[PDB]
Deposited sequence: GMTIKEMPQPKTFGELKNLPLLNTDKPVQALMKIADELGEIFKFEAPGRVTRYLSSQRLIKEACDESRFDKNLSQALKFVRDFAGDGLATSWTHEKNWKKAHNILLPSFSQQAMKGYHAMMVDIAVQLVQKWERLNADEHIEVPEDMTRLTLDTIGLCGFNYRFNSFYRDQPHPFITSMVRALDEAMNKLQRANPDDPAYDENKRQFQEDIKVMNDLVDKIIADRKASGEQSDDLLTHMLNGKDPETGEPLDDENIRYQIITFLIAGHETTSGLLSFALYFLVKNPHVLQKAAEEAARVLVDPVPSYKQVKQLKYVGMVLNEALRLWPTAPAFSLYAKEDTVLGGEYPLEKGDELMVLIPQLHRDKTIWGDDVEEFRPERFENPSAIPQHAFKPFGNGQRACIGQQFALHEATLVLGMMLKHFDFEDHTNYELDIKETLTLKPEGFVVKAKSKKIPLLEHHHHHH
């Protein structure tokens, strides 16, 4: 008999998710109930996994495949059959996967590096231009950077977020749409539908317009590869409708999780001054030029360790879903039937004391001193297998470049003694996180 949290009569466990912080509530349930517990809703059953012992079996692609959770099903209403919201057996997943994978390689980052520096310089210039006693709204500025970076590197579109306060009309529709998708998980609603469809049209209208605009001009961006790339398997290119879904997918997935990572990384740095000093030291020693090169970013070994430890404690895409391909027994004790669903609670996996030791809550980038020392399937901030994050190298290159430049150019002060408050949408971010930056007066 599998552990299961408290129930609400006919609603079963569903009201447990009627909260602003469902991931963190699920983590507390995992602390109480252990490596696996069942979660029941009206017409829905799933099992949350928290231990490396069970998650390593769940990551066996011969036994389990990616499932679309209820959140992803609602995102699919505007993300379509993009890479993140399509089933593995759908023709358009493997097609887009083969077409888009060469545009996301570590090798392909060399072409994106210049445009990444463009936005990163804007962030540094904004902070250099602050007056005395002014402070920085960290997740707000990190979102300005990651959104503009994926806009420029992806489709040569400048959201110009550092010129605004009210964000782009596309971005306003996106957050409202994602909010509606989250609310339907916790959920008079006739107005919500009119709002939801208006936000979908706004995203579709801008995207489909840029697709038609892109003339025949060639750029160093994702749009070029999508318009001209052919799947080696089927020999087919993506049609314009799926291209639009990929644009929406990459605009969503390409910015918010990365901004959360940078925000959490800076949080842990100002809360652990010895780690900050080590990271600032490497940045000063490695970033010897006014503009960082691609090779210099790859040299920021310790900064990359800081980001991985931030991804360990607070993975900004905190869960993914799987389904059993056939009848199977997980870990030798809980039999599963074909189609049974599993949820991987990534933050709990990253706190497995049998893997990481007893000090799992401490921020120690030195855990990632040797990448090979980490056991298999113990660290999964970017998902698993062929359905893993295609943009992993993009996010980590952008985050290493930006965090390196931040540490090179400024000293940071946790002037409010900020108390960590993690806002949950479908991703995680430290709400209200603010710092002061004292410029080191190093020119660009």
Take the full deposited sequence, match it to the modelled residues, and report the stretches without C-alphas. 1-5, 193-198, 226-227, 458-465
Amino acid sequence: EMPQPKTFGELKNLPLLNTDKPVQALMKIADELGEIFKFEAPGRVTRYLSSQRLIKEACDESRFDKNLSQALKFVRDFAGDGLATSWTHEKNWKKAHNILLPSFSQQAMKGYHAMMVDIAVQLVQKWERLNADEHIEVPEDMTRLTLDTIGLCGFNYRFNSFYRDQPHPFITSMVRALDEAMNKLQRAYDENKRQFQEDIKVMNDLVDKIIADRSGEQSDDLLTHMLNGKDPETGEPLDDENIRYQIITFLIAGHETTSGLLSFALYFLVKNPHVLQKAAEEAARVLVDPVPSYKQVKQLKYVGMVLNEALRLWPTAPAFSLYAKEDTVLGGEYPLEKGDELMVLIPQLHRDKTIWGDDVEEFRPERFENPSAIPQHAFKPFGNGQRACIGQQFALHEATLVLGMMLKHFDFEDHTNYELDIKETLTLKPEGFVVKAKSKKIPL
From here on, numbers count along this sequence of modelled residues.
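Between two forms, the rigid core is the largest collection of C-alphas that superpose within 1.5 Å.
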When the rigid core is fixed in 7 other deposited structures of this protein, C-alphas move more for 177-185 or 144-152; answer is 177-185
After superposing on the rigid core, the stretch whose C-alphas lie farther from this form in 7 other deposited structures of this protein, comparing 318-326 with 219-227, is 219-227
Going by the average Cα B-factor in the PDB entry, point out whether 128-136 or 194-202 comes out higher. 194-202
Do the C-alpha atoms of 351-359 or of 117-125 have the higher average B factor in the entry? 351-359
Candidate set 141, 340, 369, 281 [ranked by C-alpha B-factor, highest]: 369
Residue, from 84, 324, 185, 276, that the PDB entry assigns the highest Cα B-factor: 185
Please rank the C-alpha B-factors of the chain's modelled residues and tell me whether residue 220 sits in the lowest, middle or highest third. highest
Please say which third, lowest, middle or highest, residue 285 falls into when its CA temperature factor is compared across its chain. middle
Going by the CA temperature factor in the PDB record, which third of the chain does residue 345 belong to: lowest, middle or highest? lowest
Split the chain's modelled residues into thirds by Cα B-factor; residue 26 lands in the lowest
Mind checking which third residue 420 falls in for C-alpha B-factor across the chain? lowest
